[PDB]
Structures are given as structure tokens and as C-alpha cells.
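Engineer: One structure, as C-alpha cells, below. Some questions next.
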Amino acid sequence: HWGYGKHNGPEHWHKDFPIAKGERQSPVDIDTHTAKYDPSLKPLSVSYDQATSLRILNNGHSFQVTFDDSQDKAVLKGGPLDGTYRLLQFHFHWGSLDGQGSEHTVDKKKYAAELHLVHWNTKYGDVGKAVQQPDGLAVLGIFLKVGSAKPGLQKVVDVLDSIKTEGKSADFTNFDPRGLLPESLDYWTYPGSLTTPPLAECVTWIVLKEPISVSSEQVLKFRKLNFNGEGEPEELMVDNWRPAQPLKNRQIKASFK
Ligand SMILES: CC(=O)OC[C@H]1O[C@@H](S(=O)(=O)NCCCCCOS(N)(=O)=O)[C@H](OC(C)=O)[C@H](OC(C)=O)[C@@H]1OC(C)=O
Ligand SMILES: [Zn+2]
């Protein structure tokens with residue numbers, strides 16, 4: 001089915017997922033001069049001290065680290081959110097070249113990659129129910145630029161050789177997602193959607209202003225993954241990003257001045 005190639009990529013998705021042309025699709029371009037400071041936004045509360053990572057997995061469209069979300073162990077609160085959102089997984093989107101790869105853009109600037117920390121609203125009980133709700137998910141988005149290495153990313157990078165192809169996974173315990181966060185929690189926020197099918201319009205996006213820097217050797221290691229399963233022709237998992245979607249009847253709010 002859907003993918004990121006010429007014949008099954010983002011321009012094709014609306015045929016199977018008509019919400020792709022909906023009113024609150026993600027990602028978007030963040031026009032920094034049009035985003036309005038909202039002094040009523042609360043500071044984000046990122047509570048990751050008890051996070052329990054489980055597995056790392058190549059799912060054919062990205063690579064993800066999954067966590068135990070059967071208790072309130074790693075939760076996102078505050079900011080624009082009401083209630084408690086549990087961390088389910090994080091994954092990345094990246095490019096074939098350093099000048100592209102992010103899904104959100106900032107004043108039309110593309111970053112080399114973008115990290116998504118995916119959380120779901122505990123009042124809906126499970127993630128399958130949350131994805132059917134307008135406020136079911138909160139995704140924390142962090143941009144990646146190429147420069148110095150990010151030490152907290154290295155333990156991820158070092159196991160990617162063991163999940164090269166679609167359907168491979170590995171034990172990934174005791175990983176601390178706090179090592180992937182930039183210093184500042186200043187953020188932009190809007191109502192949006194999943195950026196992969198089914199593109200459900202269930203996401204409060206929280207996109208951090210400050211990117212993290214990763215090294216060229218770290219991102220090169222992303223680009224060695226494969227979309228295909230083993231035994232199928234090899235096609236490099238690169239450019240697994242959806243481009244910016246029309247903003248339509250939405251305002252992006254900034255938590256900073
Ligand atoms: C390919 C497709 O159409 O859906 C792919 C999977 O989607 C995930 S999802 O709707 O929960 N998406 C996974 C989490 C999205 C995180 C947000 O991503 S981003 N890039 O916007 O941070 C769904 O899982 C849930 C809980 O709804 C699907 O449903 C099931 C029953 O597993 C679906 O799996 C299948 C076989 O359809
Ligand atoms: Zn994503």
C-alpha cells in the first residue's frame with residue numbers, strides 16, 4: 001500500500017484516506033512571524049523519569065522505540081493540554097540529504113530530520129480509542145540539524161544495523177528519552193493530524209523551537225535502514241516525510257515571546 005515513493009507517496013494517500021485533504025492536516029509550515037504569542041499557554045510538563053522503553057522496531061515507514069504505556073510512567077501534561085498523555089513511542093522522519101527530512105518547516109526551512117514523541121490522552125483508555133478523538137493524541141516534535149553529535153541518540157544509532165529491514169525488532173530496554181531533548185521547552189502549538197495514514201485528525205501538536213544537533217555519522221546511520229523486507233529489493237528508508245499541508249482555518253500559537 002502507501003509509502004513514500006513516486007507511485008505510493010503523499011500525493012497518493014488521499015485515495016485510500018480522504019481525510020488527507022481535511023481541515024486540520026499535518027505537518028504545516030510554521031510561519032514564525034504569523035504565530036501569535038499566547039501568554040495563557042502553560043509551560044510544558046515533560047515527566048519522563050520513570051520511562052520504560054521496551055523494543056526498537058523497523059515498521060517499513062520509520063524506526064520506533066516503544067514504551068510501557070500501561071501506567072502513568074512517562075507523561076506529557078501542561079502546555080496547551082488538559083489532562084495526562086502517556087508516552088507510547090518515538091520515531092523519526094529524515095531525508096536523503098541534510099537539507100530535507102523534517103515534516104514541519106519553519107519559515108519554509110527544512111531540517112535534516114524530525115523526532116516525534118507520541119503520547120495519548122489517558123481519559124480515552126487505549127490508543128485505538130484516542131485516535132478517534134479530536135484531543136486523543138499529543139505529539140512532541142523536535143527538529144534535528146546536522147552538526148555536533150547528540151550523545152543521548154547514540155545508543156539508538158548503534159542498534160539500527162540489527163533492524164535493517166521492515167519487520168525486524170530488538171530488545172531496547174533502559175533507554176532514557178530525556179537525552180533527546182533540547183535545553184529549551186519553548187514551543188509552537190496547533191491542532192493537527194497524524195502525518196502517516198490513517199492521517200486521523202486527533203493530534204495536538206507541540207513543536208519545539210530549539211532543534212537538537214546530531215552528527216553526520218548519526219544521520220547517515222538512519223539512511224542505511226530499508227523500507228523493504230529482507231528478500232525484497234533493497235530500497236533505502238530515506239525521505240520518509242510528508243510535506244507541509246495547507247494551514248486552512250488554524251492559528252499557530254507560540255509559548256514564547
Ligand atoms: C497504515 C495504516 O493505515 O495504519 C497503520 C496503523 O496505524 C496505527 S495509528 O492510527 O495509532 N498510527 C500509529 C501512531 C501514529 C503516531 C503519530 O504519528 S506522527 N508521524 O503524526 O507522529 C493504528 O493503530 C491504532 C491504535 O489505531 C492502526 O490500527 C491497528 C488496529 O493497529 C494501523 O494498523 C493497521 C494494520 O491499520
Ligand atoms: Zn512522525
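Going by the C-alpha cells order, chains are called A, B, ..., each with residues numbered from 1, while ligands are numbered from 1 in the order shown.
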With the cut-off set at 12 Å and counting only C-alpha atoms, tabulate each residue of range 160-252 of chain A with an atom at most that distance from an atom of range 37-45 of chain A, showing the nearest atom pair and its distance in Å to one decimal, ordered by chain and increasing number, as JSON lines.
Structural biologist:
{"residue": "A:184", "atom": "CA", "partner": "A:44", "partner_atom": "CA", "distance": 10.4}
{"residue": "A:185", "atom": "CA", "partner": "A:44", "partner_atom": "CA", "distance": 6.9}
{"residue": "A:186", "atom": "CA", "partner": "A:43", "partner_atom": "CA", "distance": 8.1}
{"residue": "A:187", "atom": "CA", "partner": "A:44", "partner_atom": "CA", "distance": 8.6}
{"residue": "A:188", "atom": "CA", "partner": "A:37", "partner_atom": "CA", "distance": 9.0}
{"residue": "A:189", "atom": "CA", "partner": "A:41", "partner_atom": "CA", "distance": 9.5}
{"residue": "A:190", "atom": "CA", "partner": "A:38", "partner_atom": "CA", "distance": 11.9}
{"residue": "A:206", "atom": "CA", "partner": "A:44", "partner_atom": "CA", "distance": 9.1}
{"residue": "A:207", "atom": "CA", "partner": "A:44", "partner_atom": "CA", "distance": 11.1}
{"residue": "A:208", "atom": "CA", "partner": "A:44", "partner_atom": "CA", "distance": 10.4}
{"residue": "A:251", "atom": "CA", "partner": "A:37", "partner_atom": "CA", "distance": 10.8}
{"residue": "A:252", "atom": "CA", "partner": "A:37", "partner_atom": "CA", "distance": 9.0}
Engineer: What would the file look like if the residues just selected were written as an mmCIF file, in the first residue's frame with N, CA, C and O atoms?
Structural biologist:
data_model
loop_
_atom_site.group_PDB
_atom_site.id
_atom_site.type_symbol
_atom_site.label_atom_id
_atom_site.label_comp_id
_atom_site.auth_asym_id
_atom_site.auth_seq_id
_atom_site.Cartn_x
_atom_site.Cartn_y
_atom_site.Cartn_z
ATOM 1 N N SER A 184 15.742 24.209 25.795
ATOM 2 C CA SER A 184 14.524 24.985 25.944
ATOM 3 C C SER A 184 13.298 24.147 25.617
ATOM 4 O O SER A 184 13.315 23.340 24.685
ATOM 5 N N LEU A 185 12.218 24.369 26.368
ATOM 6 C CA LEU A 185 10.919 23.801 26.028
ATOM 7 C C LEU A 185 9.966 24.820 25.402
ATOM 8 O O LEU A 185 8.757 24.565 25.340
ATOM 9 N N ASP A 186 10.478 25.960 24.930
ATOM 10 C CA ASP A 186 9.658 26.878 24.143
ATOM 11 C C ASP A 186 9.085 26.141 22.937
ATOM 12 O O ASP A 186 9.772 25.324 22.321
ATOM 13 N N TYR A 187 7.827 26.427 22.595
ATOM 14 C CA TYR A 187 7.162 25.607 21.590
ATOM 15 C C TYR A 187 6.132 26.411 20.816
ATOM 16 O O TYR A 187 5.644 27.454 21.271
ATOM 17 N N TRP A 188 5.801 25.890 19.633
ATOM 18 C CA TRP A 188 4.608 26.273 18.892
ATOM 19 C C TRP A 188 3.562 25.175 19.038
ATOM 20 O O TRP A 188 3.905 23.998 19.207
ATOM 21 N N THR A 189 2.278 25.544 18.970
ATOM 22 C CA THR A 189 1.247 24.512 19.049
ATOM 23 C C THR A 189 0.087 24.827 18.107
ATOM 24 O O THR A 189 -0.268 25.991 17.921
ATOM 25 N N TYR A 190 -0.408 23.790 17.449
ATOM 26 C CA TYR A 190 -1.670 23.882 16.673
ATOM 27 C C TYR A 190 -2.386 22.534 16.741
ATOM 28 O O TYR A 190 -1.803 21.514 17.048
ATOM 29 N N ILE A 206 2.810 19.855 19.459
ATOM 30 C CA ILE A 206 3.663 20.700 20.275
ATOM 31 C C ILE A 206 5.041 20.594 19.627
ATOM 32 O O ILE A 206 5.674 19.536 19.683
ATOM 33 N N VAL A 207 5.468 21.648 18.926
ATOM 34 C CA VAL A 207 6.713 21.613 18.164
ATOM 35 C C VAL A 207 7.715 22.532 18.850
ATOM 36 O O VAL A 207 7.460 23.734 19.004
ATOM 37 N N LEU A 208 8.871 21.986 19.225
ATOM 38 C CA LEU A 208 9.830 22.766 19.990
ATOM 39 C C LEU A 208 10.602 23.702 19.072
ATOM 40 O O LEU A 208 10.976 23.331 17.961
ATOM 41 N N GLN A 251 -4.731 28.731 13.588
ATOM 42 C CA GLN A 251 -3.673 29.636 14.022
ATOM 43 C C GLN A 251 -2.650 28.838 14.810
ATOM 44 O O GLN A 251 -3.016 27.982 15.619
ATOM 45 N N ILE A 252 -1.384 29.103 14.564
ATOM 46 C CA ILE A 252 -0.316 28.512 15.355
ATOM 47 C C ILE A 252 -0.016 29.471 16.494
ATOM 48 O O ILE A 252 0.117 30.684 16.279
#
Engineer: Pick out the residues no farther than 7 Å from ligand 2, counting only C-alpha atoms and all ligand atoms, and list them as a list in words.
Structural biologist: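 Result of the 7 Å neighbour search around ligand 2: residues 91, 92, 93, 115, 116 and 195 of chain A.
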Engineer: Produce a file of the selected residues containing N, CA and C atoms, as a short mmCIF file (atom, residue, chain, number, x, y, z; two decimals), in the first residue's frame.
Structural biologist:
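Writing done, so here's out_7.cif:
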data_model
loop_
_atom_site.label_atom_id
_atom_site.label_comp_id
_atom_site.auth_asym_id
_atom_site.auth_seq_id
_atom_site.Cartn_x
_atom_site.Cartn_y
_atom_site.Cartn_z
N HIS A 91 9.66 8.08 17.16
CA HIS A 91 10.21 7.68 15.87
C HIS A 91 10.77 8.91 15.18
N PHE A 92 11.35 8.71 13.99
CA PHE A 92 11.88 9.85 13.26
C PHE A 92 11.41 9.87 11.81
N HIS A 93 11.54 11.05 11.21
CA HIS A 93 11.43 11.28 9.78
C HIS A 93 12.73 11.94 9.33
N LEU A 115 12.11 14.44 15.11
CA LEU A 115 11.72 13.46 16.12
C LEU A 115 10.29 13.69 16.58
N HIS A 116 9.50 12.61 16.62
CA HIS A 116 8.14 12.65 17.13
C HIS A 116 8.02 11.74 18.34
N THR A 195 0.73 12.28 10.75
CA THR A 195 1.33 12.57 9.45
C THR A 195 1.50 11.32 8.61
#
Engineer: If you count only C-alpha atoms, which residues fall within 10 Å of residue 171 in chain A, apart from same-chain ones fewer than 4 positions away, as a list in words?
Structural biologist: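 Here the answer would be residues 53, 54, 55, 56, 57, 65, 66 and 159 of chain A.
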Engineer: Any chance you could export the current selection's N, CA and C atoms as a compact mmCIF listing (two decimals), in the first residue's frame?
Structural biologist:
# COMPACT_ATOMS: atom_id res chain seq x y z
N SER A 53 11.38 1.96 28.29
CA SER A 53 11.46 1.52 26.91
C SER A 53 11.43 -0.01 26.83
N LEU A 54 10.89 -0.52 25.72
CA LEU A 54 10.72 -1.96 25.52
C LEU A 54 11.48 -2.47 24.31
N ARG A 55 11.15 -1.98 23.12
CA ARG A 55 11.60 -2.56 21.87
C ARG A 55 12.00 -1.42 20.95
N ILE A 56 12.83 -1.73 19.97
CA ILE A 56 13.04 -0.85 18.82
C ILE A 56 12.69 -1.65 17.57
N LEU A 57 12.04 -1.00 16.61
CA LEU A 57 11.32 -1.71 15.55
C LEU A 57 11.41 -0.96 14.23
N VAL A 65 10.96 3.38 18.84
CA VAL A 65 11.22 2.86 20.18
C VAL A 65 9.91 2.95 20.93
N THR A 66 9.44 1.81 21.42
CA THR A 66 8.16 1.70 22.08
C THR A 66 8.35 1.68 23.59
N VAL A 159 22.17 0.42 17.35
CA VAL A 159 21.47 -0.84 17.12
C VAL A 159 20.70 -0.86 15.80
Engineer: Write out as a ChimeraX atom specification which residues come within 9 Å of residue 23 in chain A when counting only C-alpha atoms, dropping same-chain ones fewer than 4 positions away.
Structural biologist: /A:19,192,201,246-250
Engineer: Please check which protein, DNA or RNA residues sit within 6 Å of ligand 1, counting only C-alpha atoms and all ligand atoms, and write them as a PyMOL selection string.
Structural biologist: chain A and resi 116+118+127-128+139+194-198
Engineer: Give the strand (DSSP E or B) residues of range 115-236 of chain A, as assigned by DSSP on the backbone, as an NGL selection string.
Structural biologist: :A and (115-121 or 137-146 or 169-171 or 187-192 or 203-208 or 212-214 or 226 or 230 or 232 or 236)
Engineer: A:46, A:28, A:214, A:237: which is nearest residue 79 in chain A, counting only C-alpha atoms?
Structural biologist: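 For residue 79 in chain A, the nearest of the candidates is A:46.
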Engineer: With DSSP run on the backbone, what are the helix (DSSP H, G or I) residues within range 66-256 of chain A? I'd like them as an MDAnalysis selection string.
Structural biologist: chainID A and resid 122:124 127:130 151:157 160:163 177:180 216:222
Engineer: Write out the residues from the selection above, keeping C-alpha atoms, as a CSV table (one decimal), in the first residue's frame.
Structural biologist:
chain,number,residue,atom,x,y,z
A,122,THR,CA,-5.4,8.7,29.3
A,123,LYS,CA,-9.1,9.6,29.6
A,124,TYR,CA,-9.7,7.5,26.4
A,127,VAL,CA,-4.5,4.4,21.9
A,128,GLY,CA,-7.0,2.9,19.4
A,129,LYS,CA,-9.8,4.9,21.1
A,130,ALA,CA,-7.7,8.1,21.4
A,151,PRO,CA,25.3,11.7,22.9
A,152,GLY,CA,21.8,10.6,24.0
A,153,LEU,CA,21.0,9.4,20.5
A,154,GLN,CA,24.0,7.2,20.1
A,155,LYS,CA,22.5,4.1,21.7
A,156,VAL,CA,19.7,4.3,19.2
A,157,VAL,CA,22.1,4.7,16.2
A,160,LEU,CA,20.0,0.2,13.8
A,161,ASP,CA,22.1,-2.4,12.0
A,162,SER,CA,20.1,-5.1,13.8
A,163,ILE,CA,16.7,-3.7,12.5
A,177,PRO,CA,14.3,9.7,26.1
A,178,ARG,CA,15.3,12.7,28.1
A,179,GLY,CA,18.7,12.6,26.3
A,180,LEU,CA,17.0,13.6,23.1
A,216,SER,CA,26.6,13.5,10.1
A,217,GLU,CA,27.6,9.9,11.2
A,218,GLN,CA,24.5,9.7,13.3
A,219,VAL,CA,22.1,10.7,10.5
A,220,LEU,CA,24.0,8.6,7.9
A,221,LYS,CA,23.1,5.6,10.0
A,222,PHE,CA,19.4,6.5,9.7
Engineer: If I take CA of residue 94 in chain A and CA of residue 143 in chain A, how far is one from the other in Å, to one decimal?
Structural biologist: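 Computing it gives 10.1 Å between the two atoms.
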Engineer: For residue 74 in chain A, which residue out of A:58, A:47, A:121, A:245 is the nearest one, using only C-alpha atoms?
Structural biologist: A:47
Engineer: Write out as an MDAnalysis selection string each polymer residue whose atoms come within 9 Å of range 5-12 of chain A, counting only C-alpha atoms; drop sequence neighbours fewer than 6 positions from it.
Structural biologist: chainID A and resid 20 196 239:243
Engineer: Could you tell me which of A:101, A:119, A:60, A:113 comes closest to residue 87 in chain A if we count only C-alpha atoms?
Structural biologist: A:119
